[PDB]
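Okay, structure first, notes after.
Residue numbers (the UniProt record's numbering), protein chains in the order written: chain A, 240 to 246, 264 to 469; chain B, 240 to 246, 264 to 469.
Below, the structure written as structure tokens:
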């Protein structure tokens, strides 16, 4: 609710989204845009609140379900800057493990999504305060339909560009599992790798995870 | 003594080397070509017999030292196919160590030599029956003067060329030390690495060793 990602016509840009999000909900009858109930803006970015039970996860716009409540009801979603205003929502939980206890910060990752219908290749995200023997979670979104997930790359890129940077042996970790919980279709898949290539290292080849169970 | 690496003029090629190795010994007064005493042709290739004490390691040609013996005296050296017929001789002992007990065979290595005067970059050699917790030795020669050794790369190349070959995580080892014994100047240096990049892996970046003591 702070602003909208499209900002005299440019002056009133993010005041007409409350009409262009309703015209889209009137046009797209068969495809609703779900909105998710959370408790604060900062908690929704961590993705701890993608729960669609007990009068949560209502729709947005004309196709909303008549559900009364007892208090104020803050609900959240993300959008896109063009005329189809629907994005999907994915939760990714990552288990870090290793031996060398070394904390870092502001590391940039790149992830892919490989599914039945189509694929998403180069979604960027960052995580501060990475360390061993932890369990981190975040929120991830996209605009291409997937279906059901099959595989998932994971690449930890390098900020340095110099020809020096191939040496001074890079930090690395030992990733075991990734828990993925989809937004709309409440499926909780488990991803893992084989007993080879299970060592993510910065500026190296990415790991490749498959459907584990 | 089987043949010489240069083979009607081409018919009598390796029968005139016994004159062209003597004319070179007459011309190069200041630079003698040492020959090394061993016990068999197969043992000299392993480099177990570069020992220059107790009436061993005589010269070759006109500048030979008058030393009598009790029995037959087989002596060995290597040469080059051109008019300077002198090559140097280096012994390299490599300690393999690791965890995964997996034997291999016919693996090709590439090594470099970095010294005070000049450098030698891409000397090839092979070793059959590589495995963990062993100590292997061989013989190495070159035709460029070095002086005293400073650093030494070690690269284990990949036979495969396909774009497939980046996966199926490659075998690797944990190399601790390399003992190097020079031929003429009897110096026994010790090489090691830092506590990083000490993991030689096939088709990856090579390790770099320095003067350790």
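Ideal placement from N, C-alpha and C gives every residue a C-beta, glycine not left out.
Taking only beta-carbon atoms, is residue 331(B) less than 8 Å away from chain A? no
CA-to-CA distance, residue 302(A) to residue 413(A), given in whole angstroms: Rounded to the nearest angstrom, the two C-alpha atoms are 22 Å apart.
Is it buried or exposed, residue 316(A), if we count other Cβ atoms within 10 angstroms and call 16 or more buried? buried
Residue 466(B) versus residue 400(B): straight-line alpha-carbon distance, rounded: 20 Å
Under 8 Å, Cβ to Cβ, is there at least one residue of chain B near residue 453(A)? yes
Could you check where the alpha helix (DSSP H) with residue 301(B) kicks off and where it finishes? 297-301
Any chain B beta carbon closer than 8 Å to residue 425(A): yes
Neighbourhood of residue 285(A) by C-beta, 8 Å cutoff - its chain only, sequence neighbours within 5 removed: 319
Determine, using beta carbons only, whether residue 321(A) comes closer than 8 Å to chain B. no
Looking at residue 367(A) and residue 334(A), is the spacing between their C-beta atoms short of 8 Å? no
So residue 461(B) contacts chain A; which residues on that side make the cut at Cβ distance below 7 Å? At a C-beta separation below 7 Å, residue 461(B) has these neighbours in chain A: 422.
CB-CB under 6 Å to residue 260(A), same chain, minus the five flanking residues each way: which ones, in chain order? As shown, the structure holds no coordinates for residue 260(A); chain A passes over it, running from 246 to 264.
Tell me whether residue 456(B) sits in a helix, a strand or coil according to DSSP, three-state version. strand
Check whether chain E comes within 8 Å of residue 338(A), counting only Cβ atoms and requiring the distance to be less than that. Looking for chain E here will not work: the only protein chains present are A and B.
Looking at residue 341(A): is its Cβ nearer than 8 Å to the Cβ of residue 397(A)? Taking 8 Å as the cut-off, the beta carbon of residue 341(A) is found no closer than this to the beta carbon of residue 397(A).
Could you name the residues that DSSP lists as bridge partners for residue 395(A)? 347(A)
Where the beta strand (DSSP E) containing residue 312(B) begins and where it ends: No beta strand (DSSP E) holds residue 312(B); DSSP gives it neither H nor E.
Are the Cβ atoms of residue 350(A) and residue 392(A) separated by less than 8 Å? yes
Can you give me the Cβ contacts of residue 343(A) inside the same chain, cut-off strictly under 7 Å, excluding the 5 residues immediately before and after it? 334, 335, 336, 397, 398 and 399
Contact set for residue 464(B): own chain, Cβ-Cβ below 6 Å, skip 5 residues either direction: 409
Stretch pair the region 378-387 of chain B + the region 414-426 of chain B: three plus CB contacts closer than 8 Å: Segments in contact, no.
Out of 325(B), 441(B) and 460(B), which one is the CA nearest neighbour of residue 423(A)? 460(B)
According to DSSP, what are the bridge partners of residue 363(B)? 383(B)
So, with DSSP's three-state summary, where would you put residue 420(B)? helix
Would the beta-carbon of residue 306(B) fall within 8 Å of that of residue 444(B)? no
Rounding to the nearest angstrom, what Cα-Cα distance links residue 322(A) and residue 265(A) in this structure? 35 Å
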